[PDB]
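Undergrad: See work-v2.tsv below, with TSV, C-alpha atoms and all ligand atoms.
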chain	number	residue	atom	x	y	z
D	4	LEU	CA	118.39	73.85	113.35
D	5	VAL	CA	118.27	76.79	115.75
D	6	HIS	CA	118.30	80.37	114.49
D	7	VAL	CA	119.28	82.39	117.51
D	8	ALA	CA	118.50	86.11	117.46
D	9	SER	CA	121.58	88.27	117.83
D	10	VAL	CA	121.21	91.99	118.23
D	11	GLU	CA	123.21	94.00	115.70
D	12	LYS	CA	126.26	95.08	117.71
D	13	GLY	CA	125.77	98.24	119.75
D	14	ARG	CA	122.29	99.01	118.40
D	15	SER	CA	119.34	100.08	120.48
D	16	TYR	CA	115.68	101.20	120.07
D	17	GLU	CA	116.58	104.63	118.74
D	18	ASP	CA	118.74	103.12	115.98
D	19	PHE	CA	115.82	101.02	114.76
D	20	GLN	CA	113.37	103.93	115.12
D	21	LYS	CA	115.64	105.86	112.70
D	22	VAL	CA	115.37	103.01	110.15
D	23	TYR	CA	111.59	102.96	110.73
D	24	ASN	CA	111.50	106.72	110.10
D	25	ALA	CA	113.54	106.46	106.88
D	26	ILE	CA	111.16	103.82	105.51
D	27	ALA	CA	108.15	105.85	106.52
D	28	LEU	CA	109.49	109.08	105.02
D	29	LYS	CA	110.20	107.26	101.77
D	30	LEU	CA	106.65	105.80	101.88
D	31	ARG	CA	105.36	109.35	102.13
D	32	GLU	CA	107.44	110.84	99.30
D	33	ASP	CA	107.45	107.92	96.76
D	34	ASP	CA	103.64	108.16	96.66
D	35	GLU	CA	103.16	107.78	92.90
D	36	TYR	CA	103.92	104.07	92.80
D	37	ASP	CA	101.27	101.72	91.35
D	38	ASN	CA	98.84	104.51	90.39
D	39	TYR	CA	99.18	106.36	93.74
D	40	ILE	CA	98.72	103.32	96.01
D	41	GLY	CA	102.27	103.86	97.26
D	42	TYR	CA	104.66	101.15	98.40
D	43	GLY	CA	102.83	100.27	101.65
D	44	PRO	CA	100.95	97.23	100.40
D	45	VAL	CA	103.86	95.70	98.49
D	46	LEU	CA	106.14	96.10	101.57
D	47	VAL	CA	103.49	94.25	103.71
D	48	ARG	CA	103.40	91.52	101.05
D	49	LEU	CA	107.21	91.28	100.96
D	50	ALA	CA	107.35	90.82	104.77
D	51	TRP	CA	104.77	88.08	104.53
D	52	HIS	CA	106.53	86.29	101.65
D	53	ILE	CA	109.95	86.27	103.25
D	54	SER	CA	108.31	84.88	106.39
D	55	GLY	CA	105.89	82.48	104.71
D	56	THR	CA	108.71	80.16	103.52
D	57	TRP	CA	109.01	78.82	107.06
D	58	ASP	CA	108.40	75.12	107.76
D	59	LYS	CA	107.75	74.27	111.41
D	60	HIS	CA	108.79	70.62	110.80
D	61	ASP	CA	112.50	71.32	110.24
D	62	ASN	CA	112.71	75.03	111.08
D	63	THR	CA	113.91	76.01	107.62
D	64	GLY	CA	113.03	79.26	105.89
D	65	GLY	CA	111.18	82.19	107.42
D	66	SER	CA	112.51	85.70	107.92
D	67	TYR	CA	115.63	84.98	109.96
D	68	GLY	CA	118.10	84.43	107.13
D	69	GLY	CA	117.18	87.34	104.83
D	70	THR	CA	117.47	84.84	101.92
D	71	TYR	CA	115.10	86.82	99.69
D	72	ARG	CA	118.28	88.73	98.72
D	73	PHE	CA	119.35	85.55	96.82
D	74	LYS	CA	118.47	84.74	93.22
D	75	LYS	CA	116.44	81.55	93.82
D	76	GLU	CA	113.98	83.20	96.23
D	77	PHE	CA	114.09	86.62	94.59
D	78	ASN	CA	112.98	84.88	91.35
D	79	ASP	CA	110.35	82.56	92.86
D	80	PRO	CA	107.29	82.93	90.60
D	81	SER	CA	105.31	83.28	93.86
D	82	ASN	CA	107.29	86.48	94.53
D	83	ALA	CA	106.54	88.22	91.15
D	84	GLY	CA	106.20	91.98	91.80
D	85	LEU	CA	108.04	91.90	95.15
D	86	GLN	CA	111.14	93.21	93.34
D	87	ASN	CA	109.46	96.64	93.69
D	88	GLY	CA	109.58	96.37	97.50
D	89	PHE	CA	113.21	95.24	97.34
D	90	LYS	CA	114.15	98.22	95.18
D	91	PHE	CA	112.33	100.50	97.59
D	92	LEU	CA	114.31	99.12	100.53
D	93	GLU	CA	117.68	99.11	98.78
D	94	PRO	CA	118.56	102.79	99.38
D	95	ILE	CA	117.27	102.37	102.95
D	96	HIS	CA	119.74	99.51	103.46
D	97	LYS	CA	122.61	101.63	102.02
D	98	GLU	CA	121.71	104.41	104.47
D	99	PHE	CA	121.66	101.88	107.40
D	100	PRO	CA	123.98	99.03	106.34
D	101	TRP	CA	124.29	97.68	109.90
D	102	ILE	CA	120.74	96.23	109.83
D	103	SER	CA	120.35	92.60	108.80
D	104	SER	CA	118.39	91.88	105.66
D	105	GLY	CA	115.71	89.90	107.53
D	106	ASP	CA	115.35	92.71	110.12
D	107	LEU	CA	115.05	95.22	107.27
D	108	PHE	CA	112.47	93.17	105.28
D	109	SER	CA	110.32	92.47	108.35
D	110	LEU	CA	110.67	96.06	109.61
D	111	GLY	CA	109.44	97.37	106.29
D	112	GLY	CA	106.19	95.43	106.75
D	113	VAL	CA	105.79	96.69	110.29
D	114	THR	CA	106.43	100.28	109.20
D	115	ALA	CA	104.05	99.97	106.23
D	116	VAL	CA	101.24	98.62	108.40
D	117	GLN	CA	101.63	101.38	111.03
D	118	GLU	CA	102.13	104.16	108.49
D	119	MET	CA	98.90	103.02	106.72
D	120	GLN	CA	97.14	103.65	110.08
D	121	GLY	CA	97.16	100.00	111.13
D	122	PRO	CA	97.70	98.55	114.56
D	123	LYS	CA	101.08	98.88	116.29
D	124	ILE	CA	103.10	95.72	115.55
D	125	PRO	CA	105.68	94.96	118.19
D	126	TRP	CA	108.93	94.03	116.54
D	127	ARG	CA	112.11	92.28	117.65
D	128	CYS	CA	115.56	92.70	116.09
D	129	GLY	CA	118.30	90.10	115.74
D	130	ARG	CA	117.67	88.29	112.50
D	131	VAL	CA	121.08	87.27	111.04
D	132	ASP	CA	121.98	86.99	107.35
D	133	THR	CA	122.75	83.31	106.51
D	134	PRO	CA	124.45	81.92	103.39
D	135	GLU	CA	122.95	81.19	99.97
D	136	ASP	CA	122.68	77.40	100.60
D	137	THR	CA	120.08	78.22	103.30
D	138	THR	CA	117.74	79.76	100.74
D	139	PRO	CA	114.51	77.78	100.57
D	140	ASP	CA	113.38	76.16	97.32
D	141	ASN	CA	110.51	77.68	95.39
D	142	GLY	CA	107.01	76.32	96.05
D	143	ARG	CA	106.65	76.99	99.81
D	144	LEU	CA	104.25	79.94	99.44
D	145	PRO	CA	100.56	79.31	98.81
D	146	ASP	CA	98.51	79.07	95.59
D	147	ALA	CA	95.43	81.33	95.34
D	148	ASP	CA	93.25	78.96	93.23
D	149	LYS	CA	92.41	76.74	96.18
D	150	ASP	CA	89.76	76.14	98.82
D	151	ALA	CA	89.45	76.42	102.62
D	152	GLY	CA	90.90	72.97	103.29
D	153	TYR	CA	94.02	73.94	101.35
D	154	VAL	CA	94.38	77.28	103.14
D	155	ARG	CA	93.90	75.58	106.54
D	156	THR	CA	96.42	72.80	105.79
D	157	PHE	CA	98.95	75.24	104.26
D	158	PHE	CA	98.89	77.50	107.29
D	159	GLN	CA	99.39	74.62	109.71
D	160	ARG	CA	102.94	74.53	108.33
D	161	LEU	CA	103.46	78.05	109.67
D	162	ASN	CA	101.84	76.98	113.01
D	163	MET	CA	98.84	79.28	112.36
D	164	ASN	CA	95.30	78.43	113.55
D	165	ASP	CA	91.96	79.43	112.03
D	166	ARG	CA	91.76	82.79	113.85
D	167	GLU	CA	95.39	83.62	113.00
D	168	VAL	CA	94.72	82.76	109.34
D	169	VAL	CA	91.56	84.85	109.12
D	170	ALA	CA	93.28	87.79	110.89
D	171	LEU	CA	96.32	87.66	108.53
D	172	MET	CA	94.16	87.57	105.46
D	173	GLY	CA	92.73	90.99	106.40
D	174	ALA	CA	95.91	92.42	104.83
D	175	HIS	CA	94.09	91.79	101.56
D	176	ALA	CA	92.19	95.01	102.18
D	177	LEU	CA	95.50	96.60	101.02
D	178	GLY	CA	96.76	97.12	97.45
D	179	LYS	CA	95.65	95.04	94.47
D	180	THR	CA	96.33	92.07	92.24
D	181	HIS	CA	98.24	92.63	88.99
D	182	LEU	CA	97.57	90.38	86.04
D	183	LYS	CA	101.23	90.32	85.00
D	184	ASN	CA	102.34	89.32	88.49
D	185	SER	CA	99.91	86.66	89.63
D	186	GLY	CA	97.29	86.04	86.83
D	187	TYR	CA	94.60	87.95	88.77
D	188	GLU	CA	93.37	91.43	88.16
D	189	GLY	CA	91.65	93.93	90.36
D	190	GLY	CA	91.17	95.05	93.93
D	191	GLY	CA	90.34	98.17	95.90
D	192	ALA	CA	93.74	99.76	95.42
D	193	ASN	CA	93.49	100.87	99.05
D	194	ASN	CA	96.36	102.16	101.25
D	195	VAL	CA	94.66	102.54	104.59
D	196	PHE	CA	94.69	99.54	106.87
D	197	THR	CA	91.08	98.79	107.88
D	198	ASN	CA	88.78	95.77	108.44
D	199	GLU	CA	87.11	96.33	105.05
D	200	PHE	CA	88.31	92.93	103.74
D	201	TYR	CA	85.71	91.28	105.96
D	202	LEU	CA	82.97	93.83	105.39
D	203	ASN	CA	83.46	93.41	101.61
D	204	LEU	CA	83.39	89.62	101.83
D	205	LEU	CA	80.08	89.69	103.69
D	206	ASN	CA	78.36	92.70	102.04
D	207	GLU	CA	79.21	92.53	98.33
D	208	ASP	CA	77.35	90.50	95.75
D	209	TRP	CA	80.14	88.30	94.44
D	210	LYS	CA	80.15	86.46	91.12
D	211	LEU	CA	82.73	83.75	90.30
D	212	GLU	CA	84.22	84.49	86.87
D	213	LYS	CA	87.19	83.65	84.70
D	214	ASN	CA	89.59	86.55	84.15
D	215	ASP	CA	91.70	87.49	81.10
D	216	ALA	CA	94.43	85.07	82.26
D	217	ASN	CA	91.77	82.35	82.54
D	218	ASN	CA	91.96	82.09	86.29
D	219	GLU	CA	88.94	81.91	88.56
D	220	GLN	CA	88.23	84.97	90.74
D	221	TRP	CA	85.30	86.48	92.51
D	222	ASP	CA	84.13	89.88	91.24
D	223	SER	CA	81.63	92.39	92.62
D	224	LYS	CA	79.44	94.87	90.67
D	225	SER	CA	81.20	97.62	92.70
D	226	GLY	CA	84.51	96.45	91.23
D	227	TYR	CA	86.15	94.67	94.20
D	228	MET	CA	87.66	91.21	93.75
D	229	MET	CA	88.48	88.27	95.95
D	230	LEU	CA	90.81	85.35	95.32
D	231	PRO	CA	89.39	81.82	95.57
D	232	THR	CA	91.45	81.51	98.83
D	233	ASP	CA	89.92	84.79	100.07
D	234	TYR	CA	86.38	83.65	99.38
D	235	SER	CA	87.07	80.28	101.05
D	236	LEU	CA	86.89	82.25	104.36
D	237	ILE	CA	83.11	82.58	103.91
D	238	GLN	CA	82.64	79.07	102.41
D	239	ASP	CA	84.03	77.33	105.50
D	240	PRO	CA	81.82	77.67	108.59
D	241	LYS	CA	84.70	78.06	111.10
D	242	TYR	CA	86.35	80.77	109.03
D	243	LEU	CA	82.98	82.46	108.45
D	244	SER	CA	82.37	82.99	112.16
D	245	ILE	CA	85.71	84.80	112.54
D	246	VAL	CA	85.10	86.85	109.33
D	247	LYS	CA	81.81	88.00	110.94
D	248	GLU	CA	83.61	88.81	114.21
D	249	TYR	CA	86.26	91.01	112.51
D	250	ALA	CA	83.63	92.68	110.25
D	251	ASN	CA	81.92	93.72	113.41
D	252	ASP	CA	84.86	94.51	115.65
D	253	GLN	CA	87.64	96.68	114.25
D	254	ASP	CA	89.58	96.83	117.49
D	255	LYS	CA	89.59	93.03	117.89
D	256	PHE	CA	90.68	92.68	114.27
D	257	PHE	CA	93.57	95.17	114.88
D	258	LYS	CA	94.75	93.42	118.00
D	259	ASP	CA	94.55	89.90	116.56
D	260	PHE	CA	96.26	90.98	113.34
D	261	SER	CA	99.08	92.59	115.37
D	262	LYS	CA	99.69	89.35	117.28
D	263	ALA	CA	99.46	87.09	114.18
D	264	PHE	CA	101.66	89.39	112.04
D	265	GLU	CA	104.36	89.62	114.68
D	266	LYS	CA	104.23	85.85	115.10
D	267	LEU	CA	104.49	85.42	111.32
D	268	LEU	CA	107.60	87.61	111.17
D	269	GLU	CA	109.17	85.81	114.13
D	270	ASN	CA	108.49	82.18	113.19
D	271	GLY	CA	111.73	80.18	113.26
D	272	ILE	CA	113.60	82.64	115.48
D	273	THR	CA	114.85	81.57	118.94
D	274	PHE	CA	115.02	84.58	121.20
D	275	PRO	CA	117.34	84.14	124.11
D	276	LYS	CA	116.11	84.96	127.64
D	277	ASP	CA	118.40	88.04	127.73
D	278	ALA	CA	117.04	89.36	124.38
D	279	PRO	CA	115.62	92.84	124.44
D	280	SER	CA	111.85	93.28	124.75
D	281	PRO	CA	110.00	93.91	121.46
D	282	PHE	CA	110.08	97.50	120.25
D	283	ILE	CA	106.90	99.48	119.51
D	284	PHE	CA	107.87	102.15	117.05
D	285	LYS	CA	106.35	105.59	116.99
D	286	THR	CA	104.67	106.63	113.71
D	287	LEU	CA	105.86	109.78	111.87
D	288	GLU	CA	102.57	111.27	112.99
D	289	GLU	CA	103.23	110.51	116.69
D	290	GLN	CA	106.70	112.13	116.38
D	291	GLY	CA	105.23	115.23	114.66
D	292	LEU	CA	107.34	114.44	111.59
D	301	LIG	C1	96.34	81.96	101.21
D	301	LIG	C2	97.29	82.85	101.43
D	301	LIG	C3	97.52	84.01	100.46
D	301	LIG	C4	97.42	83.96	99.11
D	301	LIG	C5	97.04	82.73	98.27
D	301	LIG	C6	97.76	85.28	98.63
D	301	LIG	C7	97.74	85.65	97.30
D	301	LIG	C8	97.93	86.92	96.84
D	301	LIG	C9	97.98	87.30	95.43
D	301	LIG	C10	97.79	86.29	94.28
D	301	LIG	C11	98.24	88.62	95.37
D	301	LIG	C12	98.35	89.58	94.18
D	301	LIG	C13	99.82	89.79	93.86
D	301	LIG	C14	99.92	90.64	92.61
D	301	LIG	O1	99.16	90.36	91.65
D	301	LIG	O2	100.73	91.60	92.57
D	301	LIG	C15	98.34	89.11	96.74
D	301	LIG	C16	98.57	90.40	97.10
D	301	LIG	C17	98.79	90.84	98.39
D	301	LIG	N1	98.93	90.03	99.52
D	301	LIG	FE1	98.43	88.08	99.64
D	301	LIG	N2	98.03	86.11	99.72
D	301	LIG	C18	97.92	85.34	100.85
D	301	LIG	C19	98.13	85.78	102.14
D	301	LIG	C20	98.60	87.01	102.47
D	301	LIG	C21	99.04	87.41	103.78
D	301	LIG	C22	99.08	86.40	104.96
D	301	LIG	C23	99.38	88.71	103.76
D	301	LIG	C24	99.99	89.57	104.87
D	301	LIG	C25	99.56	89.56	106.15
D	301	LIG	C26	99.19	89.16	102.39
D	301	LIG	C27	99.38	90.41	101.90
D	301	LIG	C28	99.18	90.84	100.63
D	301	LIG	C29	99.20	92.22	100.24
D	301	LIG	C30	99.46	93.43	101.13
D	301	LIG	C31	98.97	92.21	98.74
D	301	LIG	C32	98.88	93.43	97.81
D	301	LIG	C33	100.27	93.75	97.28
D	301	LIG	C34	100.30	94.87	96.27
D	301	LIG	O3	99.35	95.68	96.24
D	301	LIG	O4	101.34	94.96	95.56
D	301	LIG	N3	98.66	88.12	101.69
D	301	LIG	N4	98.23	88.03	97.56
D	302	LIG	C1	89.24	95.93	99.59
D	302	LIG	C2	89.16	94.54	100.23
D	302	LIG	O1	88.70	93.59	99.26
D	302	LIG	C3	89.40	93.75	98.11
D	302	LIG	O2	89.16	94.62	97.27
D	302	LIG	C4	90.43	92.84	97.92
D	302	LIG	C5	90.20	91.47	98.01
D	302	LIG	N1	91.27	90.57	97.81
D	302	LIG	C6	92.51	91.02	97.54
D	302	LIG	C7	93.54	90.11	97.35
D	302	LIG	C8	94.83	90.56	97.08
D	302	LIG	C9	95.08	91.93	96.99
D	302	LIG	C10	94.05	92.84	97.17
D	302	LIG	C11	92.76	92.38	97.45
D	302	LIG	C12	91.72	93.27	97.64
D	302	LIG	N2	91.96	94.57	97.56
When written as structure tokens, how does the structure in this file appear?
TA:
Amino acid sequence: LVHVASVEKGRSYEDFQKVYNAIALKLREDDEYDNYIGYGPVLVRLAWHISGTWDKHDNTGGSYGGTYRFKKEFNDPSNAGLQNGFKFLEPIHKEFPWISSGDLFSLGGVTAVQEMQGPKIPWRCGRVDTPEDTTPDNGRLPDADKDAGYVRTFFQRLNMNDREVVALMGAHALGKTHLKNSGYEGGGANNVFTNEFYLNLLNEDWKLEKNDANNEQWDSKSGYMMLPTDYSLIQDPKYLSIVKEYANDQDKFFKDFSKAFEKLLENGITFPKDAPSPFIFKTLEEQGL
């Protein structure tokens, strides 16, 4: 099973920058969403979920196929709430129908991260829409009620190591949990990409409680929350070290996240030797737009 990247015919950097810009402009002007969080966080989550289906053992799933457009994956309980990201991207796709679904979904996550003042995420095109019988079964994305051993084992399926895992989890500084979506409630409702996930883990006084859906979560007096899988990053000594490193080094966190997030979005894709170099898109701000 090889998924070879194939550049959308006749497209170049500028074409993709235009799609980036459309997403970013819509992020700016659809700012009311989810009590003024905006769509940034959910678009980051969508990019991660469409990528997180990958299995290194047989090379199935991941972003290449754009199979989130299909009913089985669209309706995965693990993807509850992602329909909002899909709806956001739908007019974007109609404006730029030449882009593959997987390129669009992954590009939305890149754009969201950069537009929320995150690190630049290099991004490669060439994901190709594959048929419905390539859609991965439900159950490939991770549960939140688990411990560090689970997180570590889970992520080995996506060929991620401890540093990559800890880096990627910093995305949980963004957005919030929604009881109706996941059985968890709360979060900072933040839309600026920072290293505050790690600072919060280390600095808050956390109490493990049951929530209204009778799930376990960690709550702070200041009103932040952490999933059991989030908190496992300070229970495990290897993860804790890296948590401390990112809490104390914003630039290192940015750089490591950029690498891990790109890798996440590219898992399962074979890039031929004559493929274009990754693109680094300019923000609206850098374009004076
Ligand atoms: C152990 C792995 C992970 C687990 C168990 C997990 C679990 C969760 C849960 C339960 C939610 C709340 C969803 C809702 O209630 O709407 C959430 C939200 C979120 N997750 Fe994760 N996550 C994991 C890893 C990741 C990764 C690797 C990223 C991206 C790099 C990511 C990005 C996000 C973002 C941005 C949100 C907020 C979305 C919003 O505000 O709508 N997560 N996650
Ligand atoms: C502000 C950083 O710490 C948090 O408040 C926090 C912790 N875990 C989360 C897990 C999922 C979504 C949001 C999350 C979140 N916002």
Undergrad: So which residues touch residue 82 of chain D within 10 Å, counting only C-alpha atoms, skipping near sequence neighbours fewer than 6 positions away, as a ChimeraX atom specification?
TA: /D:48-49,52-53,71,76,141,144,184-185
Undergrad: At a cut-off of 6 Å around ligand LIG 301 (chain D), and using all atoms listed in the file, what residues come up? Please write them as an MDAnalysis selection string.
TA: chainID D and resid 44:45 47:48 51 84 145:147 154 171:172 174:175 177:182 184:185 187 232
Undergrad: Around ligand LIG 302 (chain D), out to 7 Å and counting only C-alpha atoms and all ligand atoms, which residues are there? I want them as a list in words.
TA: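 Counting only what the definition allows, namely only C-alpha atoms and all ligand atoms, the set is residues 175, 176, 177, 178, 179, 180, 190, 191, 192, 193, 199, 200, 203, 227, 228, 229, 230 and 233 of chain D.
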Undergrad: Can you tell me, as number ranges by chain, which residues sit within 12 Å of (106.4, 107.1, 97.1) in the file's frame, using all atoms listed in the file?
TA: D: 26-46, 87-88, 90-92, 115, 194
Undergrad: Pull C-alpha atoms from the residues just selected and write them as a compact mmCIF listing (two decimals), keeping the file's coordinate frame.
TA:
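Result file out39.txt:
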# COMPACT_ATOMS: atom_id res chain seq x y z
CA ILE D 26 111.16 103.82 105.51
CA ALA D 27 108.15 105.85 106.52
CA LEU D 28 109.49 109.08 105.02
CA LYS D 29 110.20 107.26 101.77
CA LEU D 30 106.65 105.80 101.88
CA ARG D 31 105.36 109.35 102.13
CA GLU D 32 107.44 110.84 99.30
CA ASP D 33 107.45 107.92 96.76
CA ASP D 34 103.64 108.16 96.66
CA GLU D 35 103.16 107.78 92.90
CA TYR D 36 103.92 104.07 92.80
CA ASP D 37 101.27 101.72 91.35
CA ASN D 38 98.84 104.51 90.39
CA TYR D 39 99.18 106.36 93.74
CA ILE D 40 98.72 103.32 96.01
CA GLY D 41 102.27 103.86 97.26
CA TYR D 42 104.66 101.15 98.40
CA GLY D 43 102.83 100.27 101.65
CA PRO D 44 100.95 97.23 100.40
CA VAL D 45 103.86 95.70 98.49
CA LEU D 46 106.14 96.10 101.57
CA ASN D 87 109.46 96.64 93.69
CA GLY D 88 109.58 96.37 97.50
CA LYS D 90 114.15 98.22 95.18
CA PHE D 91 112.33 100.50 97.59
CA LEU D 92 114.31 99.12 100.53
CA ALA D 115 104.05 99.97 106.23
CA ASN D 194 96.36 102.16 101.25
Undergrad: Rank D:253, D:9, D:197, D:66 by their smallest atom-to-atom distance to residue 267 of chain D, using all atoms listed in the file, and report the top residue only.
TA: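 For residue 267 of chain D, the nearest of the candidates is D:66.
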Undergrad: Have a look at atom CA of residue 196 of chain D and atom CA of residue 116 of chain D and let me know their distance in Å, one decimal.
TA: 6.8 Å
